[PDB]
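J.: Take a look at this one; I'll ask things after.
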Amino acid sequence: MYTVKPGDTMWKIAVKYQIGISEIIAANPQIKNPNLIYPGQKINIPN
Amino acid sequence: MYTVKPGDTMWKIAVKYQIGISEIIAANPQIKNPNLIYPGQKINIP
Amino acid sequence: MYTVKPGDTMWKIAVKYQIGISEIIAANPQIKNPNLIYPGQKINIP
Ligand SMILES: CC(=O)N[C@@H]1[C@@H](O)[C@H](O[C@@H]2O[C@H](CO)[C@@H](O[C@@H]3O[C@H](CO)[C@@H](O)[C@H](O)[C@H]3NC(C)=O)[C@H](O)[C@H]2NC(C)=O)[C@@H](CO)O[C@H]1O
């Protein structure tokens, strides 16, 4: 549900959606490490 | 067939040369982490 | 309070510590250019 933008970190995404980082991680169990994601990939955000 | 220069990122090389970001990443599976590239590295242009 | 590993960038260190790039930049005003950190350099992680 969010397309990663250049420079984004998980904290920035968490700030934008006002949700904890661990909730975003739990929505994406296929991700090996968020340090491998690149801009233009889309991650799921639980509402 | 592009040599990384200081200051480059994979997104900047894709935007500057008009290559899609998923295409440049898929052309370069030898880059373990697309966020970490170094000057002098050669990357493939699809 | 953290030693830069070969292969670290400020963005990778921020993502490891669950913080943002501005926060790690703010903590390190001795770093002239946040894109350029060196192996073995000591930085602050707040
Ligand atoms: C896929 C994508 O574009 N990701 C973005 C990241 O690339 C970008 O981080 C910056 O990445 C470059 C390239 O890896 C880093 O430069 C490297 O930095 C190290 C440590 O200083 C240095 O040894 C390398 O020589 C140098 N390489 C080059 C080619 O100059 C740069 O430091 C990263 N910047 C930061 C602040 O961590 C991040 C952040 O802009 O965004 C991703 O979206």
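This table checks each residue for (1) in a loop (DSSP other than H, G, I, E, B); (2) more than 9 Å from the chain's Cα centre (by Cα); (3) closer than 13 Å to A:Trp11 by Cβ; (4) within 13 Å of chain A (Cβ to nearest Cβ).
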position: C:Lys5; (1), (2), (3), (4): yes, yes, no, yes
position: C:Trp11; (1), (2), (3), (4): no, no, yes, yes
position: C:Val15; (1), (2), (3), (4): no, yes, yes, yes
position: C:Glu23; (1), (2), (3), (4): no, yes, yes, yes
position: C:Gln30; (1), (2), (3), (4): yes, yes, no, no
position: C:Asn33; (1), (2), (3), (4): yes, yes, no, no
position: C:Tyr38; (1), (2), (3), (4): yes, yes, no, no
position: C:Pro46; (1), (2), (3), (4): yes, yes, yes, yes
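J.: I've got another one for you. Scan region A:16-38 residue by residue and report those that are aliphatic (A, V, I, L, M), within 16 Å of the ligand (Cβ to nearest atom) and either assigned to a loop (DSSP other than H, G, I, E, B) or more than 23 Å from B:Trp11 (Cα to Cα) (or both).
T.: Result: A:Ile31, A:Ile37.
J.: A:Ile43 passes all but one of (1) within 11 Å of the ligand (Cβ to nearest atom); (2) more than 9 Å from chain C (Cβ to nearest Cβ); which number fails?
T.: (1)
J.: Being surrounded by fewer than 15 Cβ atoms within 10 Å (Cβ to Cβ) and touching a residue at least 24 places away in the same chain (Cβ under 8 Å) is the filter here, so list the residues in region C:18-33 that pass it.
T.: Passing the criteria: none in range.
J.: How many residues does region A:1-15 contain that are within 16 Å of the ligand (Cβ to nearest atom) and in contact (Cβ under 8 Å) with a residue 40 or more places away in the chain?
T.: Residues meeting the conditions: 1.
J.: Please count how many residues of region A:2-15 are closer than 23 Å to B:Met10 by Cβ and of a type in the set (A, V, I, L, M, F, W, C).
T.: Looking only at that region, the number is 4.
Counting neighbours? That spans all protein chains shown, and the Cβs are built from the backbone with ideal geometry, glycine included. The numbers here are math on the coordinates, done by the rules we state, and not lab data.
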